[PDB]
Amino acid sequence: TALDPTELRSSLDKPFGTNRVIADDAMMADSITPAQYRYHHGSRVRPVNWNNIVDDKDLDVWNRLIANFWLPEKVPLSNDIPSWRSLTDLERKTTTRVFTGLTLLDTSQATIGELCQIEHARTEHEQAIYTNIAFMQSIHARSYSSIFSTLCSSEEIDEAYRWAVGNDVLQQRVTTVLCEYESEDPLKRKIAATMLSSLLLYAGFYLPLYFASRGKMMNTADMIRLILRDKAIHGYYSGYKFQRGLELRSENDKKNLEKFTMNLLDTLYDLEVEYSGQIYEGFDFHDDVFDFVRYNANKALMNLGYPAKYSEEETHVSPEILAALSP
């Protein structure tokens, strides 16, 4: 039926009774998580039970992500102020723009991208993990503003955010991902999330890693490595859960999901060349940036269980950038 705006939406459903029983095995098996309720009105909803782990990997990932909790306030970013001032004008402008673009991807993952993975999650503990990951992705996004607050003028921050809104290719990149989060196929959401965490930010992460390899912006680099410590697990876990859902799908669906994955990757790679090629046009490390992009694209594919797409020659990251990845 229809509903008056003052009435409760649950009045459209059959009420549960007032019976109390100790649920038997069938009643427990038919119970569902709260995020599934909207598809199954009248089903019984089950609280999370951390003393009944279904996949031991979930407990390990939960414990590790929580133990890695950090805040940008704990990094002495203000000790980068002399280094920041020693950069060129172009270096400072490029940093603010790159980091504002990274903010846009992490904002997207925090506020919808990671959350849209909950309703079709394989386990209730995995659902709780996505709530931690989304909060930490809000921390990642917030931390780029922490950098700007320490180093930048209001005018610099203002122009960088206007540049981001006004950058058509950046808009194409983020909206490409956001559309897949709406997919009716839960595994396409997981593929997109794995791409965000294991690929889409790395052309940007190249810049602070480059600064660190040159001895600059050293404290900022520590924070970037805290972000990377999170994202490496985020992307591994997204891809692991994709593979656990994939093994239950039909052969035809597996073929289509692999084709879709390569279509998504190829589209996002071409967009990265367009976007970061233009951003880095006044820098002589163009070729190394895309070796590094392809290097991380292979990791994203491996996280999904697919073979590497790019060759050793196409993924040869300079040894100074790889050294800057570790503390």
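One-based numbering along the sequence shown.
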Looking only at CA atoms, which has the higher mean B factor in the entry: 6-14 or 312-320?
312-320
186-194 or 83-91, whichever carries the higher mean Cα B-factor:
83-91
Highest recorded C-alpha temperature factor, please, choosing from 279, 48, 35, 29.
279
Report the option among 101, 113, 215, 239 whose CA atom has the maximum B-factor in the deposited record.
215
Would you mind ranking residue 293 by its C-alpha B-factor against the rest of the chain and naming the third, lowest, middle or highest?
highest
Would you mind ranking residue 220 by its C-alpha B-factor against the rest of the chain and naming the third, lowest, middle or highest?
middle
Report the third (lowest, middle or highest) to which the CA temperature factor of residue 229 belongs, ranking only the modelled residues of the same chain.
middle
Looking at the entry's B-factor column for C-alpha atoms only, identify whether residue 287 ranks in the lowest, middle or highest third of its chain.
highest
Sorting the chain's CA B-factors, does residue 274 end up in the lowest, middle or highest third?
highest
